[PDB]
Amino acid sequence: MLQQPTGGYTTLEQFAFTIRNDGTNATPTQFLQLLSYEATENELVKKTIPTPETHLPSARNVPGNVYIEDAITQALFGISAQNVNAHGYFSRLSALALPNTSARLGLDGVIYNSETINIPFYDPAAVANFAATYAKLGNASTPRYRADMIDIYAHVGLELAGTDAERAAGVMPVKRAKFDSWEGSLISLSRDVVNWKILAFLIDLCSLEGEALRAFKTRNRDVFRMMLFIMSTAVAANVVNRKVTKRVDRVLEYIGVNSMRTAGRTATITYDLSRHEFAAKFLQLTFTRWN
Amino acid sequence: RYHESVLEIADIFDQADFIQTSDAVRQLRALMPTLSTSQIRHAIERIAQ
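Read top to bottom, the protein sequences are chains A and S.
Taking the UniProt record's numbering as reference, the numbering of the first sequence is continuous, increasing by one, and the terminal residue is 291.
Taking the UniProt record's numbering as reference, the numbering of the second sequence is continuous, increasing by one, and the terminal residue is 988.
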């Protein structure tokens, strides 16, 4: 079980997160700086977010040994995922929040019926509060319940390049990111983030309380910023390379605006239409719960 | 104490996008005999056809 560590499940250290800065790994805090910010004459307003309708898909138990945690990490960051929004996997998960259910979430991220001995997991109460909230994403696709997209992205930007006087205020000028590069760097970081066990960071974002939370948000303010950037890459429209001195540089065109497609079909990772339907309803939950 | 003979490659700009060619192209030119106006015209024609 591992019970739960007080101060997070992310303070354990068995499973952490390191972006591979080429031949040598690093920490998310250490990577953010290699990037600078260019203020352009465009402005976004921080728009309020609507509440999420409470109606997570009912319990079914088809027998699949569903890799729910693996599926989640794949769509947001994964390189060209397929059938991400199919209905069967989530429905199975929602069974989890149920008081008294022989169905334990494996530590490795695989869900089971009944149990096992050889495999340690997360105590049933930690997962109960988790699936209470991320089961809802399941039906994000329905015509009626479906979430926005062209507007949640007014938040992505403040975090990635949000100046402190800017996230203190409401409006931030449209920025333009640019950082050093190794050519295959955009895909390379996206290939890397896929294995962070992003389950651990979320299954504890619903279990931590009033003080343990105040300390959690003030430390992992990076581990969040990271997956936000890699995600904001697929969305922004034009990638321009600058050849200076003996250096080479990647510019991400606009941090805060949904172009609606492409980014660079070759220079980065792309988002299908069944991705904007997903990544959107995702951010609508983590953001709200986050703040 | 006399001089010598070297080449510069125009590295004293340190400014990119110029000075693309290097030392060796001059060595090939000096290696060449000498080309007259009508010889150059003939040489252009031959490589073209």
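Cβ coordinates follow ideal geometry from the N, Cα and C atoms, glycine included.
Answer with buried or exposed for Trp196 (chain A), where buried requires no fewer than 16 other C-beta atoms within 10 angstroms of its C-beta. Position 196 of the first sequence, counting from 1, holds the residue named residue 196 (chain A). Counting Cβ neighbours within 10 Å, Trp196 (chain A) comes out buried, since at least 16 surround it.
Where do the N-terminal and C-terminal ends of the beta strand (DSSP E) with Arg250 (chain A) fall, by residue? As a working note, residue 250 (chain A) is residue 250 in the first sequence. First-last of the beta strand (DSSP E) with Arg250 (chain A): 247-252.
Report the rounded CA-to-CA distance for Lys243 (chain A) versus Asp249 (chain A), giving the unit in angstroms. By one-based count along the first sequence, residue 243 (chain A) stands at place 243. By one-based count along the first sequence, residue 249 (chain A) stands at place 249. The straight-line gap from Cα to Cα measures roughly 7 angstroms.
With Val244 (chain A) as the anchor, note down where its beta strand (DSSP E) starts and where it stops. As a working mapping, residue 244 (chain A) is identified with position 244 in the first sequence. 239-244 is the extent of the beta strand (DSSP E) around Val244 (chain A).
Given 8 angstroms as the limit, is there contact between the region 230-238 of chain A and the region 109-129 of chain A, that is, 3 or more CB pairs closer than that? no
Inside the region 91-155 of chain A only - alpha helix (DSSP H) runs reaching at least 4 residues: 124-134
Distance, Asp953 (chain S) Cα to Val945 (chain S) Cα: For the purposes of this step, residue 945 (chain S) is taken as the residue at position 6 of the second sequence. For the purposes of this step, residue 953 (chain S) is taken as the residue at position 14 of the second sequence. Near 19 angstroms, if we compare the C-alpha coordinates of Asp953 (chain S) and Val945 (chain S).
What residue ranges within the region 203-234 of chain A form continuous alpha helix (DSSP H) runs of no fewer than 4 residues, ordered along the chain? 210-216
Taking the alpha-carbon positions, what's the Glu41 (chain A) to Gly157 (chain A) distance? Position 41 of the first sequence, counted from the first residue, corresponds to residue 41 (chain A). Position 157 of the first sequence, counted from the first residue, corresponds to residue 157 (chain A). Between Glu41 (chain A) and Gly157 (chain A), the C-alpha separation is close to 15 angstroms.
Host alpha helix (DSSP H) of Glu41 (chain A) (start-end): Position 41 of the first sequence, counted from the first residue, corresponds to residue 41 (chain A). Here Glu41 (chain A) belongs to no alpha helix (DSSP H); instead the beta strand (DSSP E) covers 35-44.
Anyone know if the C-beta pair for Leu285 (chain A) and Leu137 (chain A) falls short of 9 angstroms? In the first sequence, counting from the first residue as 1, residue 285 (chain A) sits at position 285. In the first sequence, counting from the first residue as 1, residue 137 (chain A) sits at position 137. A contact, by the Cβ cut-off of 9 angstroms.
Per DSSP, what are the beta-bridge partners of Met172 (chain A) in this structure? Here residue 172 (chain A) refers to the residue found at position 172 of the first sequence. According to DSSP, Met172 (chain A) bridges with A:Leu44.
I'd like to know if the region 135-149 of chain A and the region 82-90 of chain A are in contact, where contact means that at least 3 CB-CB pairs between them fall below 8 angstroms. yes
Check whether the region 247-261 of chain A and the region 53-61 of chain A touch, using three or more Cβ-Cβ pairs below 8 angstroms as the test. no
Beta-carbon spacing of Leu76 (chain A), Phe278 (chain A) below 9 angstroms: Within the first sequence, the letter at position 76 stands for residue 76 (chain A). Within the first sequence, the letter at position 278 stands for residue 278 (chain A). Yes, these two residues count as a Cβ contact at 9 angstroms.
Meets three-Cβ-pair contact criterion under 8 angstroms: the region 199-219 of chain A and the region 118-127 of chain A: yes
What's the call for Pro120 (chain A), buried or exposed, on a 16-neighbour Cβ count within 10 Å? Translated into positions along the first sequence, residue 120 (chain A) becomes position 120. So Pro120 (chain A) ends up on the exposed side.
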